[PDB]
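Novice: This is the structure, below, for whatever I ask next.
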Amino acid sequence: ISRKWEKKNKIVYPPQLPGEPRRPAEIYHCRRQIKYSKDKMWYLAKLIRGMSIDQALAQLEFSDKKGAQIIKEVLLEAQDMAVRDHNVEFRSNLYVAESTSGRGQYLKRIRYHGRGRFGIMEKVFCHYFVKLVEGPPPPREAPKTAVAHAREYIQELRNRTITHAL
Amino acid sequence: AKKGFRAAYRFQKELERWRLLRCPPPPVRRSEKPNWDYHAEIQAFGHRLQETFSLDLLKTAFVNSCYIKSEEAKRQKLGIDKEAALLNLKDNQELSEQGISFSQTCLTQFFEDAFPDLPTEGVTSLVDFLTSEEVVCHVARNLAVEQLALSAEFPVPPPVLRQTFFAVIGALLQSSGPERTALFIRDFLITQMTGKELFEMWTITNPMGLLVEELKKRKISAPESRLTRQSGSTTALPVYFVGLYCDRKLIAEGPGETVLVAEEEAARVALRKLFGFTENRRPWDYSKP
Amino acid sequence: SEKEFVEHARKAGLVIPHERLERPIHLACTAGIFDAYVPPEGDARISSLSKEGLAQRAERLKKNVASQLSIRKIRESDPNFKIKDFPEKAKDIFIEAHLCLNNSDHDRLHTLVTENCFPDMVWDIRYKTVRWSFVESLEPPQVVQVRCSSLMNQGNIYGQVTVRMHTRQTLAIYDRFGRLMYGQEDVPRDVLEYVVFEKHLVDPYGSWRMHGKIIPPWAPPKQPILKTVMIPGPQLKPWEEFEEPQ
Amino acid sequence: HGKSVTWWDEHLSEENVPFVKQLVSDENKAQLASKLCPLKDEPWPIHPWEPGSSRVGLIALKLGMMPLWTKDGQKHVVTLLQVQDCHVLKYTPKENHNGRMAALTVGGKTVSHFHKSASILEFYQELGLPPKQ
Amino acid sequence: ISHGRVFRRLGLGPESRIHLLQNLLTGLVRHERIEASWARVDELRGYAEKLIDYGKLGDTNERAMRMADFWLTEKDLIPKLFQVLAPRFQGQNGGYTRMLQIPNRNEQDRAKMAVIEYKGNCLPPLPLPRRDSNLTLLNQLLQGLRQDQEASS
Amino acid sequence: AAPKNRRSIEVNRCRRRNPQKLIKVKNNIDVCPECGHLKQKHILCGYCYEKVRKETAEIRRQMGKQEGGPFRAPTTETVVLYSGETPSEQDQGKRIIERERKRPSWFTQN
Amino acid sequence: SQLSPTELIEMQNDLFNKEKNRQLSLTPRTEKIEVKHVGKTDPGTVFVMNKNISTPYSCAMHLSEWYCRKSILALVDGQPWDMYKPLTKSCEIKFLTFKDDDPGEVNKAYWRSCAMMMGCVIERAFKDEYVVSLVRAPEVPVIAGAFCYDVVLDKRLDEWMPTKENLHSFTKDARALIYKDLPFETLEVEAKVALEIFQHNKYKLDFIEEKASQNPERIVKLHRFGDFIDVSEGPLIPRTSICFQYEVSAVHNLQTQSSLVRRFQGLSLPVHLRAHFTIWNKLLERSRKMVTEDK
Amino acid sequence: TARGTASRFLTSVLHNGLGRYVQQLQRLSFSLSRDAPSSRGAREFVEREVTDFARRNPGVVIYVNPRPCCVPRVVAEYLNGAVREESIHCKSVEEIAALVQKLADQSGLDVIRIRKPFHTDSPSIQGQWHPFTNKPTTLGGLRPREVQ
Ligand SMILES: [Mg+2]
Ligand SMILES: [Mg+2]
Ligand SMILES: [Mg+2]
Ligand SMILES: [Mg+2]
Ligand SMILES: [Zn+2]
């Protein structure tokens, strides 16, 4: 096994020279060897990306997936870690930087079939990773306006060259 | 397990490579690296440029204020006695001033002689450009001046490098005549003007006005913008060719997306013909008189 | 098809193997401070007066029976011992220990400070950055009292010396992201600390160490934090109604 | 911004709901009975009948079916179609639509205001009818 | 094709459905408030409304009695229907029942849940949804319109 | 019928990261004016409904103590009371449940 | 005094910044005040805050984003506080919402804010050649079908009343104002340095004089958003973004003996309360009628 | 392969050979073993050739390090900043000489595919074709069906 994500919270930065912009907090946290599947977990973890932490808690609160409550618990833990251990005012000020599902170590079992054949079955486990960053949520990108597409096209026609030409 | 040193060692090399790929090390002076002899370096500089310097004057030329103040930090923090031998160092300030003054004079003369029709504002703009931060730093760093320069903060911020380059010029001006140094300048500076435009380095914002003034000076009257060629007006990509006429003769002409853009172009073209900064123009002379 | 996981870690305190220890735990120090000197309540207004403070301090030192009984036990067990030299050494121990917290060097910090002190001064601060400087000592370090604990089991004696000291210090604590947390680096702030020292006597290697730090009940409220802090009300289950005291 | 979903009813008190309903229904009565007199308003010029001509249609409502008899004795079955509120809504000229025949847009029975869209409600607002299904 | 089918299929068949609603009804008449599968509660609500109208028909009506006999399973309840429930609904024609959606069941089957109730029961009141007050900004803007529908009449 | 070739990871990402298989964001969530927890707008508040549920259970327990057996249910209406209360003239002639707790804030006297 | 339109803006903003930095300098340290929470929701909660720095908005942030978005006004003790107005002493706090049971306080605030917005929209919507004097924002009850702002205009402009085009332009500009989200900022000032801000508007100086007259310490209440500053009675809503539906309904010329004053009426609703298209049209129709309460 | 690797246009460093020619190779560092056989050629080269090489090229500084290594290398280093590594391991004197020459005459630019064999600033003297260059102009400059 490999446990890295945990140690990401043990990093110490050099103090900030005055006049430099204030560095936003980062909190890495995870839960290992959950009895959920990795994929079913992925949908959930995907849902809450880039949401402000309260928004994610609200969304998870009402989902019916078994994983919803796991993730929620991990988020509360991470929030309290962020205010207690790292120094963060305004526990509402976190947004979800990274949310993802890794695969755990699987158990292996028999699945009985008929005519004495068998399949080989896997009791599945998974990991849930999260990384919380201090600040408002970064703005969701608007699709390209007609103006943007037109500029790009024009710029392209203008990048043309006489080819194999000299 | 597999028994051998070889693959293990060879892999140690891969490990080091990845280590350097994920965290690049901050750039280090060539002087603090394994093979260095400052003296031999200096001599080689001179020989490779095909010039002859006084080694005292060059060694002087690569010295800077900052190197001396940092050396005084190391002097004062350890309680050492330096002052006589350290303040004997004779920095490059003087040399750099002679260098820049002479180079600006030289250049100005070169252009003034080559482009008789360039307005003084123009030739000024040109000398300004070839003496710029960008150009001089590029050339200096490619001649291994950054290598030899004595300075704090290894990337050697651009003002220090301009200082040091022209320091070397001045050192050359003492070491050899203004003739020799004029040749060096026309070889390592003027060549950066290759491929470049006029209005690439001049930056003037109203071509039409400037054209009208220059034509007052030439005793020609009223450039009239007259539309020559066009394709599609209703398109999202039109092309206009605007001509400029003086007494119904055509002086110059240009393309554009919009009739305004194109008119402005025809102005720039006309300007470029008048001033004799042109594509067809005689390429520069590199020769030994 | 049959394999299971292993490694569910647990901590089980159980008195039986704890008793069966064949080499009983050897302590360099004792966790408590036997007798805590409780200082004058006007000790702020007698500090600006030199020969008031000095007089009453030296007086209370010479006048006390317990004080000179313990000083006699230390002098008789440990020759070439002097009380008039000691606040110098103590003040030096201080300055080195805290300059150890700056650099975060724990090895030297285990020679200087005691086993009871180390958890305290190191623990919370290990993921942060500390910058601590010594600028002035306003009133030269005073020796308030001396005490001895006689363990009849070991025949072991621990000399405990309380040095009251008044100081000028600059403390800045930075957060693990390098952003300032506690206090400025430019303010030479004035402190008053009652610093307990300890030494093992029967021990041949006989280190003088910094045992503990006593804060008086009237001590000036420490400078305020930078960040805002919230204190939640009692967490309520559904059927439990809230009750407000006045 | 996470702006929440909302319907017409949501923020009204128990007091104001009957009020709003009255408001809407009453203005529906007014509006329908106002356009009740077509010929005295500004009728578009009436033309006589040309041979290849074609009339406007209707939007009706299927009621049910009924038997009906003919004088020869035979039985028929018929469908009742009730016309409820039927108005011509807009007019697209001949050259703007098929290049052959003009287009009249006819509305069907009245529906609630609250469950249509801003666009459509604007279209009827400038007309002065209530929304058609 | 399901067109105009009023009753939903539950249980092991039509009969099993009736017996399901039997138990639910009995439960409702005894405890006066129960919670079940939103669909089953919805299905029940009709019968729970009509039972009260058979109770209104009186003890002496035979039809109402063998009706309440079949539907109320624990026979002890049959008096309570006639002598408690049916009397306390007199004025109101249809208003007997309140049915609300509860949050989804906390068990892993995560069902859709409803609470169903006989009005005027003696229990802590459900946290019903309240309409907005009249003091609310938008409603205050409507009150203006109202008072000008009075002033212009 | 057996798959003729392994499906590539690109294809499979296309299938399962499709918008239609993604969890869709619920926009009807709000706060309960009472306890300040979360609820969907068309559904009762879970928390408040839990208070009510507990109290209901207690009342039913104590009205199970008044009934000596399974089949005895009163032929009269009932009323529930709390510490420091007495049956009104309108409320007398009814089954009385007496509870120890003080009458809850949400629960009115009626 | 010879001054451009932009110079007035510059002077006023620089004065405001001077004053704000003076109030900042008045507080030497980071002082800790203990706020308590009297709200129906999370009782016993205690915030430990920075005196004259921390605001009731910065207070909500310790709870959850939910307060942050839902809370328009902050009741401190018995008084309404603007969400960004820094807390002075230790106290108790309750938060106030649009869908709350006795919203009246909030309603008032909302109305005021909208009025002020319109004011801005008006002052900058006229040609430099003319002279636009904002008068005041008369405080109407909200049962009155609109909110309004009093404005006097250049004498040569006295003959025209606007066209639906112009009104719709005002509206477009107000919506332009909403789109970019500007916090409403508050400052408490002494009349001496208050009058120096406004100057050229006479009516403003009169208003300031009365407003300061009824208060013992000569305190005037200033609000500002973006580059626009105005004096007003009572607190305002925290953000510009709070408004969703907004209209400048119609104007009405009303004349004293000594002045000719135009009254601009407009109507708006917050995102929280937003009303259906039909409902909106009816309210909009009532908002066209003259609304008179000055007393 | 060409789609596989990077590429560059044909260039000179600092317009070399325009004004004057500057030998681009700056310094040369040898590392060899006095003892080990692998370095044999490299030793002979250092004996006979290096000296003469150093006279033939005044502008390059040559650092020779005897050290205990198994694999003799030569590190060429250029004005360009470019550093090119080579192994003289187990070669003749002749081979090494040829190699050191290649190093001497290289530009220090990266060796990759070169997109085209020529490089011109201002290829275009006397014009550059555009759709109108060969078209005749008409009277009034009217379009095809335009009337006046
Ligand atoms: Mg078998
Ligand atoms: Mg398989
Ligand atoms: Mg498998
Ligand atoms: Mg079934
Ligand atoms: Zn609730």
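What is reported rests on the model, the rules as stated and the sources as named; nothing here is a laboratory result. FYI the Cβ positions are ideal-geometry reconstructions off the backbone, even for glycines, and counts take in every protein chain you see.
Novice: Could we say that F:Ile59 is surrounded by 11 or more Cβ atoms within 10 Å (Cβ to Cβ), without any contact (Cβ under 8 Å) to a residue 60 or more places away in the chain and closer than 27 Å to E:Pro79 by Cα here?
Specialist: Details: surrounded by 11 or more Cβ atoms within 10 Å (Cβ to Cβ): yes; without any contact (Cβ under 8 Å) to a residue 60 or more places away in the chain: yes; closer than 27 Å to E:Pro79 by Cα: yes.
For F:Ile59, the condition - surrounded by 11 or more Cβ atoms within 10 Å (Cβ to Cβ), without any contact (Cβ under 8 Å) to a residue 60 or more places away in the chain and closer than 27 Å to E:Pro79 by Cα - is met.
Novice: Quick one: which residue in A:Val74, A:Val83, A:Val133 is in contact with an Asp or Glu (Cβ under 7 Å, 6 or more places away or on another chain) and not in a loop (DSSP other than H, G, I, E, B)? Quick ask: steps written out before the conclusion?
Specialist: Working: A:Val74 fails: in contact with an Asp or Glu (Cβ under 7 Å, 6 or more places away or on another chain); A:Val83 fails: in contact with an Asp or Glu (Cβ under 7 Å, 6 or more places away or on another chain).
Only one candidate qualifies: A:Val133.
Novice: Counting only residues that are of a type outside the set (D, E, K, R) and outside any strand (DSSP E or B), how many does the stretch H:54-102 have?
Specialist: Narrowing the stretch H:54-102 to residues of a type outside the set (D, E, K, R): H:54, H:57-66, H:68-72, H:74-76, H:78-83, H:87-90, H:92-93, H:96-101.
Filter again for outside any strand (DSSP E or B), leaving H:54, H:57-60, H:68-72, H:79-82, H:88-90, H:92-93, H:96-101.
Of the residues in the stretch H:54-102, 25 are of a type outside the set (D, E, K, R) and outside any strand (DSSP E or B).
Novice: In the stretch A:91-126, how many residues are more than 12 Å from the chain's Cα centre (by Cα), away from ligand 3 (no atom under 16 Å from the Cβ), closer than 26 Å to A:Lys40 by Cα and not hydrophobic (A, V, I, L, M, F, W, C)? Outline the logic, then answer.
Specialist: Taking the stretch A:91-126 as the starting set, the residues that turn out to be more than 12 Å from the chain's Cα centre (by Cα) are A:91-94, A:103-126.
In the following step, the residues that additionally are away from ligand 3 (no atom under 16 Å from the Cβ) were identified as A:91-94, A:114-116.
If we keep only those that are closer than 26 Å to A:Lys40 by Cα too, we end up with A:94.
Next, only the ones that are not hydrophobic (A, V, I, L, M, F, W, C) stay: none.
The qualifying residues number 0.
Novice: Select the helices (runs of 4 or more DSSP H) contained entirely in the stretch B:175-264, then report the ones holding at least 2 residues which are free of Cβ contacts under 8 Å to residues at least 60 places away in the same chain. Walk me through it before giving the result.
Specialist: Working: elements: B:178-188, B:199-202, B:207-217.
Correct list: B:178-188, B:207-217.
Novice: Under 6 Å between Cβ atoms, which residue pairs at least 6 apart in sequence (or on different chains) link something in the stretch A:99-123 that is assigned to a strand (DSSP E or B) with a partner that is away from ligand 5 (no atom under 16 Å from the Cβ) and acidic (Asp, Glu)?
Specialist: These pairs meet every condition: A:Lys108/A:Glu122.
Novice: Step by step: first the residues of the stretch C:131-155, then only those that are of a type in the set (A, V, I, L, M) and under 18 Å from the mean Cα position of the chain (by Cα), then the one that is farthest from the other protein chains (Cβ to nearest Cβ). Which residue is that?
Specialist: At the first step, the residues of the stretch C:131-155 found to be of a type in the set (A, V, I, L, M) are C:135, C:138, C:143-144, C:146, C:151-152.
Applying the additional criterion that residues be under 18 Å from the mean Cα position of the chain (by Cα) yields C:143-144, C:146.
Details: C:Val143: 36, C:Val144: 32, C:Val146: 39 Å.
My answer is C:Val146.
Novice: What helices (runs of 4 or more DSSP H), lying completely within the stretch B:1-75, carry at least 1 residues that are outside the structural domain of B:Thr164 (by CATH)?
Specialist: On the way: elements: B:6-22, B:38-48, B:55-61.
Answer list for the stretch B:1-75: B:6-22.
Novice: Which of the following residues is assigned to a loop (DSSP other than H, G, I, E, B) and loosely packed, with under 15 Cβ neighbours inside 10 Å: G:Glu285, G:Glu217?
Specialist: Details: G:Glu285 fails: assigned to a loop (DSSP other than H, G, I, E, B).
Exactly one residue qualifies, and that residue is G:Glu217.
Novice: Would you call C:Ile125 in contact (Cβ under 8 Å) with a residue 60 or more places away in the chain and under 16 Å from the mean Cα position of the chain (by Cα)? It would help to see each step written out before you state the result.
Specialist: Numbers: in contact (Cβ under 8 Å) with a residue 60 or more places away in the chain: no; under 16 Å from the mean Cα position of the chain (by Cα): yes.
Judged against the criteria, C:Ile125 is not a match.
Novice: Here's something else I'd like to know. Out of the residues in the stretch B:229-275 that are of a type in the set (S, T, N, Q) and away from chain H (no Cβ under 13 Å), which is nearest to B:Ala114 (Cα to Cα)? Before the answer, list the steps.
Specialist: Of the residues in the stretch B:229-275, the ones of a type in the set (S, T, N, Q) are B:230-231, B:233-235, B:258.
When the remaining residues are screened for being away from chain H (no Cβ under 13 Å), the result is B:235, B:258.
On the way: B:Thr235: 44, B:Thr258: 35 Å.
My answer is B:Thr258.
Novice: Hey, another quick one. Within the stretch G:149-186, which residues are in contact with a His (Cβ under 8 Å, 6 or more places away or on another chain) and not hydroxyl-bearing (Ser, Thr, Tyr)?
Specialist: Of everything in the stretch G:149-186, those that are in contact with a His (Cβ under 8 Å, 6 or more places away or on another chain) and not hydroxyl-bearing (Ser, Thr, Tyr) turn out to be G:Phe184, G:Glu185.
Novice: Go through the stretch G:1-79 and tell me which strands (runs of 3 or more DSSP E), entirely inside it, have 1 or more residues that are over 24 Å from A:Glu134 (Cα atoms) and within 14 Å of another protein chain (Cβ to nearest Cβ). So that I can check it myself, show each step before the final result.
Specialist: Working: elements: G:32-37, G:46-50, G:73-76.
Answer list for the stretch G:1-79: G:32-37, G:73-76.
Novice: List the helices (runs of 4 or more DSSP H) that sit entirely inside the stretch E:1-72 and contain at least 2 residues that are within 16 Å of ligand 5 (Cβ to nearest atom), within 23 Å of F:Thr76 (Cα to Cα) and in contact (Cβ under 8 Å) with a residue 24 or more places away in the chain.
Specialist: Working: elements: E:14-31, E:38-55, E:62-71.
Because the criterion is at least 2 residues that are within 16 Å of ligand 5 (Cβ to nearest atom), within 23 Å of F:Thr76 (Cα to Cα) and in contact (Cβ under 8 Å) with a residue 24 or more places away in the chain, no helices (runs of 4 or more DSSP H) in the stretch E:1-72 meet it.
Novice: Suppose we keep only residues that are within 13 Å of chain G (Cβ to nearest Cβ) and not in a loop (DSSP other than H, G, I, E, B) within the stretch F:19-46. Which one would you say is surrounded by the most Cβ atoms within 10 Å (Cβ to Cβ)?
Specialist: F:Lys39
Novice: Tell me which residues, restricted to the stretch G:176-216, are closer than 23 Å to G:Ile53 by Cα and not polar (S, T, N, Q).
Specialist: Filtering the stretch G:176-216 for residues closer than 23 Å to G:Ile53 by Cα gives G:181-190, G:193-194.
Matches in the stretch G:176-216: G:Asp181, G:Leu182, G:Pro183, G:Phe184, G:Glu185, G:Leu187, G:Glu188, G:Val189, G:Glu190, G:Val193, G:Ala194.
Novice: Among the residues of the stretch H:106-117 satisfying the criterion of being in contact (Cβ under 8 Å) with a residue 24 or more places away in the chain and away from chain B (no Cβ under 14 Å), which is nearest to H:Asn57 (Cα to Cα)?
Specialist: Here is the first cut: in the stretch H:106-117, the residues in contact (Cβ under 8 Å) with a residue 24 or more places away in the chain are H:106-110, H:112-117.
Restricting the remaining residues to those that are away from chain B (no Cβ under 14 Å) gives H:106, H:110, H:112-117.
Numbers: H:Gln106: 14, H:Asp110: 22, H:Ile112: 27, H:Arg113: 29, H:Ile114: 28, H:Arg115: 32, H:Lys116: 31, H:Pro117: 28 Å.
Looking at residues that are in contact (Cβ under 8 Å) with a residue 24 or more places away in the chain and away from chain B (no Cβ under 14 Å), I get H:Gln106.
Novice: Are any of the residues in the stretch H:23-37 in contact with an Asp or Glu (Cβ under 6 Å, 6 or more places away or on another chain), surrounded by 15 or more Cβ atoms within 10 Å (Cβ to Cβ) and part of a loop (DSSP other than H, G, I, E, B)? Let's see the steps before the verdict.
Specialist: Pass one, the stretch H:23-37, residues in contact with an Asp or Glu (Cβ under 6 Å, 6 or more places away or on another chain): H:26-27.
Filter once more, keeping what is surrounded by 15 or more Cβ atoms within 10 Å (Cβ to Cβ): H:26-27.
After this cut, where a residue has to be part of a loop (DSSP other than H, G, I, E, B) as well, the list is none.
There is no residue in the stretch H:23-37 that is in contact with an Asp or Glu (Cβ under 6 Å, 6 or more places away or on another chain), surrounded by 15 or more Cβ atoms within 10 Å (Cβ to Cβ) and part of a loop (DSSP other than H, G, I, E, B).
Novice: Report, by residue number, each residue of the stretch A:9-35 that is touching a residue at least 24 places away in the same chain (Cβ under 8 Å) and away from every other protein chain (no Cβ under 11 Å).
Specialist: Within the stretch A:9-35, A:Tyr28, A:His29, A:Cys30, A:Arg31, A:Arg32, A:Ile34, A:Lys35 meet the criteria.
Novice: Going through F:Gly93, F:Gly64, F:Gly46 one at a time, which residue ends up being free of Cβ contacts under 8 Å to residues at least 40 places away in the same chain and either on the phi > 0 side of the Ramachandran plot or within 16 Å of ligand 4 (Cβ to nearest atom) (or both)? Walk me through it before giving the result.
Specialist: On the way: F:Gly64 fails: either on the phi > 0 side of the Ramachandran plot or within 16 Å of ligand 4 (Cβ to nearest atom) (or both); F:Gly46 fails: either on the phi > 0 side of the Ramachandran plot or within 16 Å of ligand 4 (Cβ to nearest atom) (or both).
Residue meeting the stated conditions: F:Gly93.
Novice: On the given criteria, is E:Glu15 within 16 Å of ligand 4 (Cβ to nearest atom), among the charged types (D, E, K, R) and surrounded by 15 or more Cβ atoms within 10 Å (Cβ to Cβ)? Don't jump to the end; show me each part of the working.
Specialist: Values: within 16 Å of ligand 4 (Cβ to nearest atom): yes; among the charged types (D, E, K, R): yes; surrounded by 15 or more Cβ atoms within 10 Å (Cβ to Cβ): no.
Spelling it out, it is not the case that E:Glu15 is within 16 Å of ligand 4 (Cβ to nearest atom), among the charged types (D, E, K, R) and surrounded by 15 or more Cβ atoms within 10 Å (Cβ to Cβ).
Novice: Got a number for residues in the stretch A:88-118 being of a type outside the set (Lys, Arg) and within 14 Å of chain G (Cβ to nearest Cβ)?
Specialist: To start, the set of residues in the stretch A:88-118 that are of a type outside the set (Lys, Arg) comprises A:88-90, A:92-102, A:104-107, A:110, A:112-114, A:116, A:118.
So of that shortlist, the ones also within 14 Å of chain G (Cβ to nearest Cβ) come out as A:88-90, A:92-96.
Residues flagged as of a type outside the set (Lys, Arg) and within 14 Å of chain G (Cβ to nearest Cβ) within the stretch A:88-118 amount to 8.
Novice: May I pose another question? Output the residues belonging to the stretch E:102-144 that are basic (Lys, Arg) and more than 9 Å from chain F (Cβ to nearest Cβ).
Specialist: Going residue by residue through the stretch E:102-144, those that are basic (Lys, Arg) are E:105, E:110, E:112, E:119, E:130-131.
E:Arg105, E:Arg110, E:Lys112, E:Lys119, E:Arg131, listed by residue number.
Novice: Note down all Cβ pairs under 7 Å where the first residue falls in the stretch C:26-51 and is loosely packed, with under 13 Cβ neighbours inside 10 Å, the second is assigned to a loop (DSSP other than H, G, I, E, B), and they're at least six residues apart or on different chains.
Specialist: Every condition considered, the pairs that remain are C:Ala31/C:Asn116; C:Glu41/C:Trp218.
Novice: Sticking with this one: Quick check on A:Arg160: is it loosely packed, with under 11 Cβ neighbours inside 10 Å and among the basic types (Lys, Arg)?
Specialist: Numbers: loosely packed, with under 11 Cβ neighbours inside 10 Å: yes; among the basic types (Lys, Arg): yes.
The answer is yes for A:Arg160.
Novice: Hey, another quick one. Could you tell me whether B:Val168 is outside any helix (DSSP H, G or I), farther than 30 Å from B:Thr278 by Cα and not assigned by CATH to the domain that holds B:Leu271? Don't jump to the end; show me each part of the working.
Specialist: Values: outside any helix (DSSP H, G or I): no; farther than 30 Å from B:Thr278 by Cα: yes; not assigned by CATH to the domain that holds B:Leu271: yes.
No.
Novice: Of the residues that make up the stretch A:123-135, is at least one away from ligand 5 (no atom under 16 Å from the Cβ), more than 25 Å from F:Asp30 (Cα to Cα), surrounded by 13 or more Cβ atoms within 10 Å (Cβ to Cβ) and within 14 Å of chain G (Cβ to nearest Cβ)?
Specialist: No, every residue in the stretch A:123-135 fails to be away from ligand 5 (no atom under 16 Å from the Cβ), more than 25 Å from F:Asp30 (Cα to Cα), surrounded by 13 or more Cβ atoms within 10 Å (Cβ to Cβ) and within 14 Å of chain G (Cβ to nearest Cβ).
Novice: What are the residues in the stretch B:146-164 that are of a type in the set (A, V, I, L, M, F, W, C) and in contact (Cβ under 8 Å) with a residue 60 or more places away in the chain, if any? Break it down stepwise before answering.
Specialist: First, pick out the residues of the stretch B:146-164 that are of a type in the set (A, V, I, L, M, F, W, C): B:148-150, B:152, B:154, B:156, B:160-161.
Result: B:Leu148, B:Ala149, B:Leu150, B:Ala152, B:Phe154, B:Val160.
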